[PDB]
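Novice: Provide a 3D model corresponding to the input given below.
(chains A and B, ligands or ions: 3)
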Amino acid sequence: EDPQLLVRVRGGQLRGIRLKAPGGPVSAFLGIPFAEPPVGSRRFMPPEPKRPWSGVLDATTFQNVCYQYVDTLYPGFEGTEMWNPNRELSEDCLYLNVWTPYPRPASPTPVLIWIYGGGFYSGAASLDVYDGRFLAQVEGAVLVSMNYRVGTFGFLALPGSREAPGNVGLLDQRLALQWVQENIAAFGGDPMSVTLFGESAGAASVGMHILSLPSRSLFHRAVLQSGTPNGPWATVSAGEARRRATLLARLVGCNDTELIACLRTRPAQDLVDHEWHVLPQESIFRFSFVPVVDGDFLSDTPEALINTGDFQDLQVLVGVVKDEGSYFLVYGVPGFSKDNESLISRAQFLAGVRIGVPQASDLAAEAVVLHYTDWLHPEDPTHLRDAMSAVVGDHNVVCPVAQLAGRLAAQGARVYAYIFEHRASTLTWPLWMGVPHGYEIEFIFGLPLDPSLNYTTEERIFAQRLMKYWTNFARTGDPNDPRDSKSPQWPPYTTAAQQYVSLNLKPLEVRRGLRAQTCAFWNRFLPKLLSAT
Amino acid sequence: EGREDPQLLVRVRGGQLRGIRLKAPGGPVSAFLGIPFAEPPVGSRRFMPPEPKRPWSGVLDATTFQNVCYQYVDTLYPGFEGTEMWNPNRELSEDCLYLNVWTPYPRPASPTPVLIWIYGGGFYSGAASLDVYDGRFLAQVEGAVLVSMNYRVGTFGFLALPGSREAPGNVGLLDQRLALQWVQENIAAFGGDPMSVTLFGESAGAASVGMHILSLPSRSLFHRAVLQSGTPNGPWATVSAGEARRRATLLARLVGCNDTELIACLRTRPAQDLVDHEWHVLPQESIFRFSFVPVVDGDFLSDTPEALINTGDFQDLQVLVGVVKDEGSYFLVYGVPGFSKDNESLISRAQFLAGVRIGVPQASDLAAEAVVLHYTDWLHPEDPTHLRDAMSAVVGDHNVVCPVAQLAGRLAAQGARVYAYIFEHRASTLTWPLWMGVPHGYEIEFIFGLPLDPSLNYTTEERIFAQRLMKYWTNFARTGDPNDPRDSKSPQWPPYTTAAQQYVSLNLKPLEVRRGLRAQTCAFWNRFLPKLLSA
Ligand SMILES: *[C@@H]1O[C@H](CO)[C@@H](O)[C@H](O)[C@H]1NC(C)=O
Ligand SMILES: *[C@@H]1O[C@H](CO)[C@@H](O)[C@H](O)[C@H]1NC(C)=O
Ligand SMILES: *[C@@H]1O[C@H](CO)[C@@H](O)[C@H](O)[C@H]1NC(C)=O
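Specialist: Residues are numbered from 1 along each chain as shown, chains lettered A, B, ... in the order given. Ligands and ions are numbered 1, 2, ... in the order given. What follows is the structure:
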């Protein structure tokens, strides 16, 4: 028995496994339960703390993936499959993972907590691109990731009800955060230095923890990659949630109590079968069961909360990739496919816009088309295709991020912002998709450091830079290297100068204004136009 | 006659004329100035269509400019050349329907292409006798025959009670039309070719040229057209019948006045009383808006200019159109607070929003917001230099650049041959401040060739530049193409098309071809704004 691999937590004893990273061993404790399985009558309910166990719990392997829809658009294609569950599906899924240096840190070490994305309907902490061994080995970090309930299981809500209050998937995350506070010291983690980071719906989750008081004592700094709590997809009102839940119940053949009781009799796959059928419009970048503005977890809309919050003791790193919108086009916009160059017509552009901005009035959709049309080349299919991608990325990610960065900075937060512009040499999606949503993650987690993965040498060097910025940020709230002169420094994002940096193979370059003109259209004009209808 | 110069005696349909020999830098020219082309539109003829001048006896002296049509006189900056050069330079009178002819001396032996100038001035001012419209240089250097006419402006030319017999509207345009008919009948007496007539005008004169293109009875009176910084479409050049009726009747009230009775009472009023109140009838505080302009009467204009350029067939037409680099700037000192010729006019964000309401006076609150959001620099939203230049651009784009873009595109799509330009050289002799850039109206002195006059103090390069522009304009008049055939070396001026949207820059450097005339911004003005203000 390796003493490094044996740990006592409040619930009892755990046995981890020694893993191999390129530069040395790491200790991994995988599949640690942090909650009572949310099964049977506990479906849709807030999580409860895991009961203590006897003997030594085996934590040498990843646990089950929370029950979820599985992407089958391109069967066996690497680009889709790498996001799909890589362990058995189960509602019994509330487990977390810890990687630490081997031997375990002599002094309390900064902790990073990862929260996966996947539209709040999918994802798992066990995916290869979330492998924490590189950050632990190279940077001596303690890295944590948890599973949380997705889809109906995590976010179906009859607001006001006792038994389906909503946001229970965010409560799972929070319970894992509490677990880190109470237990991470046993692994050598420093509970007084905890940084949340996440991507897409994971980033929106992080933002929701920033905006919800009981979460605030559980972390100190946050990183939001390609996602925000504000914006068009990350939340629904109480009314729309109630509507969606009642429709789903109707669809599976199901007095909130009676309705929820009947939903609890249904096999998991029956719920998943109908989950996509409750969206009000044909759309992309829209998800059926997401966090709900409940007046509890979220005391108000994220927009209202970022406008009035006090964020003076907060540091945040936020950013986007160069082509946020591109991969969403192939899941519902006619004319777009991964298997050709997706050269679309003007008609397909206008139709694409109604799907990418499903909430738009005729006039709003016209404003969008006119803004994104290149009037020198109004019919050029290459411009129209790239414009369609920009519409989706700007509306769903870039402009919401620019808005959040500006509000946080105006309200006293220390903010750093980036645009990630390197396309992985190993990417299997076609060239026209550019640097797609999600494809910065492998570099931040340090996967290029594994020779067997076939990244280039420049990519290994680049990944090492990114691991440094992220862990520097975790340690200090500043991604700049504490020692090491030779610039250029990454300056804070401010409302005055709006500075951000490009992350690519070349040295940091500083830019000003994150799509400032176009985001002014989305953030300032669109709302008025929509209200005026 | 007996000892008079034999080259200066000419007969026209109405009688004999005696002209005068003028000195141009390169040699003499013939001028016949103050030729009546209509009965004086005075007394009971005020507000009425012009009647053709009745023959006179003896030799009419045509050696000096005639009266300027009664009009408001600009007094914002007293004694300042920048405003004075546009002011009347002959006596104001309702008896003002006269035209002017310059020709080579001695007169051309074979029929020469004719250029006809129609001045601007917002349809409320202007005169064919201003120094900047002097035809002697074009006549002398290019051998052109040049005509310019006075037409009624303000209430006298444009006050309308649509449907009445006594004040049908558009009579200033009918004054112009009558001058064009006069050219058809008489210009051959001067060596001019009635089968080659090119209209050109600036601002309201350009809008006028546009209206002759759109009005069938004018179409037989000219062959080609040049529109400088103005268009018949757009927000200022026409009013609906309803709005014209409303303005005429408010004006009648203001001066103490059944259409027949109202109009008869207006006819008893002193010309100057009409002028003193004309500005009081605009529906909002504004700039680049004028009280009495062409009206959509269903007669001269059978429909709005926008509809007529949308559905017209313009296959037999060649058109040259363009704009100066800073159309909007000088309009800002006549009514946007924060703006002045005498300082840098750095304004605040608040003054920008207020200026937008004045510059787009028809805008709803949301439309105004769209304009502000579009023109704001979101990296420097409060920067006074950017706000100042953005205010200028709002005014220039809304009133001139985008209406021109819309016109060029429609004309081309519908068969016309179109050439487009942007004029970018600021006269070295300009008295307006630098921040105004290359302001509205300041290409004119170059087209007419004033820099050839040594006493005007233009630079040598400006002299050469002026000669190039005279050439482009006269080549265009002669053949419908600004390019010189006997010179394939010089860069070519390609036609404007919907596909490529080419236009050229006019400056001291050789022609440079550019693409898209403020294409993104003009899509906002021409496609989106209309939909936004309906909603
Ligand atoms: C690319 O593939 C899609 C899906 O089959 C097809 O509809 C489209 O026509 C192809 N390319 C284009 C944009 O024509
Ligand atoms: C320029 O002059 C005008 C009128 O005198 C004035 O309103 C404006 O404030 C001045 N601008 C500045 C900044 O001096
Ligand atoms: C031209 O230059 C001369 C020499 O200084 C000057 O006396 C004259 O006033 C100038 N003319 C004009 C129109 O400015």
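Novice: Show me what from the stretch 351-500 of chain A comes close to chain B.
Specialist: A:363, A:366, A:367, A:370, A:373, A:375, A:376, A:498 (CB under 8 Å from any CB of the partner chain). The C-beta positions use only the backbone N, C-alpha and C, and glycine is treated the same way.
Novice: Would you mind giving the secondary structure of the second one?
Specialist: Three-state call for residue A:366 (DSSP: H, G, I helix; E, B strand; the rest coil): helix.
Novice: what's it in contact with, if anything?
Specialist: Each residue near residue A:366 by CB atoms under 8 Å, 6 or more residues apart in numbering or on different chains is listed here: B:528, B:531.
Novice: coming back round to it: mind checking which of the residues of the stretch 351-500 of chain A next to chain B land in helices?
Specialist: A:363, A:366, A:367, A:370 (DSSP state H).
Novice: separation between the first one and ligand 1?
Specialist: To ligand 1, residue A:363 is 27 Å away according to CB to the nearest ligand atom, to the nearest Å.
Novice: so can I have a markdown table of the ones in helices among the residues of the stretch 351-500 of chain A next to chain B showing distance to residue A:193?
Specialist: Listed next are those as a markdown table, based on distance: CB to CB, whole Å:
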| residue | distance to residue A:193 |
| --- | --- |
| A:363 | 50 |
| A:366 | 50 |
| A:367 | 46 |
| A:370 | 49 |
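Novice: any idea which of those is closest to residue A:521?
Specialist: Nearest to residue A:521 among those: residue A:367, at 7.6 Å, using CB to CB.
Novice: Would you mind naming the helix or strand containing the nearest residue to that closest one once chain neighbours are set aside?
Specialist: In space, and not counting its chain neighbours, residue A:367 is closest to residue A:529: 6.0 Å by CB to CB, 6 or more residues apart in numbering or on different chains. Per DSSP states H and E, residue A:529 falls inside helix A:526-531.
Novice: Check which residues of that helix are buried.
Specialist: A:526, A:529 (16 or more other CB atoms under 10 Å in any protein chain shown).
Novice: ok, now stretch A:33-42?
Specialist: So, applying 16+ other CB under 10 Å, buried residues of stretch A:33-42: A:33, A:34, A:35, A:37, A:38, A:42.
Novice: The last one and residue A:94, how far apart?
Specialist: Noted for residue A:42: a distance of 10 Å to residue A:94, by CB to CB, to the nearest Å.
Novice: shared neighbours of the two, anything?
Specialist: residue A:36.
Novice: The nearest residue to residue A:21 once chain neighbours are set aside: which element?
Specialist: Nearest in space to residue A:21, with sequence neighbours left out and distances taken as CB to CB, 6+ apart, is residue A:137 at 3.6 Å. Element membership for residue A:137, per DSSP H and E: helix A:133-139.
Novice: what's next to the helix or strand just after that helix, contact-wise?
Specialist: For helix A:133-139, the following helix or strand on the C-terminal side (DSSP H and E) is strand A:142-146. Outside strand A:142-146, the residues within contact range by CB under 8 Å, 6+ apart are A:34, A:94-101, A:105, A:109-116, A:125, A:130, A:132, A:135-136, A:172-173, A:176, A:180, A:184, A:187-190.
Novice: What subset of those is buried?
Specialist: Buried among the contacts of strand A:142-146 by 16+ other CB under 10 Å: A:34, A:94-101, A:105, A:109-116, A:125, A:130, A:132, A:135-136, A:172-173, A:176, A:180, A:184, A:187-190.
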